[PDB]
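In structure tokens, one chain follows: the form deposited in one PDB entry.
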């Protein structure tokens, strides 16, 4: 394993849909096996699989296929890269089972992802820590942009206050005040702005920042 986990850490979160259910998920597949991580925004599920496990489960699932685990693994990777054939999601006690129904070389292929609850180590490394790093960095952005904004106000004031001049008037901006900026933001905008939703917008507005935090945290 080991290399799987390490590749998993550099994977971003994607969005997946199946039978109305959605999941956040990332996967790192090699010829050695895969690591998978899945969250419904309530629990987090994990699986790591090796070559031995692939052979055993593909045989049990497909009572008529013959290939090395490599074939089974490359098909799974070429099925899940673009997406991130048809899926379903079942729970049993603490575990999650992600089912695949699809075809390899014109023959139907069945695979079940078997995920146990992710350990606290994973949930920290893949969710908590990076997410907390993003918020900080974003809070730096805000601060750096507010200083940018006050610097543009000293410039226009230099035009109006002293430059001794005026404009077309249809463009005069209000002086920027971060106190009133926040207050209007956090009465008027926050209610939808912090919407966890389907994890759908998190994977589409934030992943570049997510990757950059993880690379940093790990290097």
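C-alpha atoms forming the largest set that superposes within 1.5 Å between two forms make up the rigid core. Numbering follows the first chain given and starts at 1.
The same protein also has a form deposited in another entry, omitted here; what follows describes it.
A displacement of less than 2 angstroms separates the C-alpha positions of residue 192 between this form and the one not shown, with the rigid core held in common. Taking the rigid core as fixed, one finds a CA shift for residue 166 of 2 Å or more between this form and the one not shown. Relative to this conformation, an increase of 3 Å or more in the Cα-Cα distance between residue 145 and residue 167 is found in the other form.
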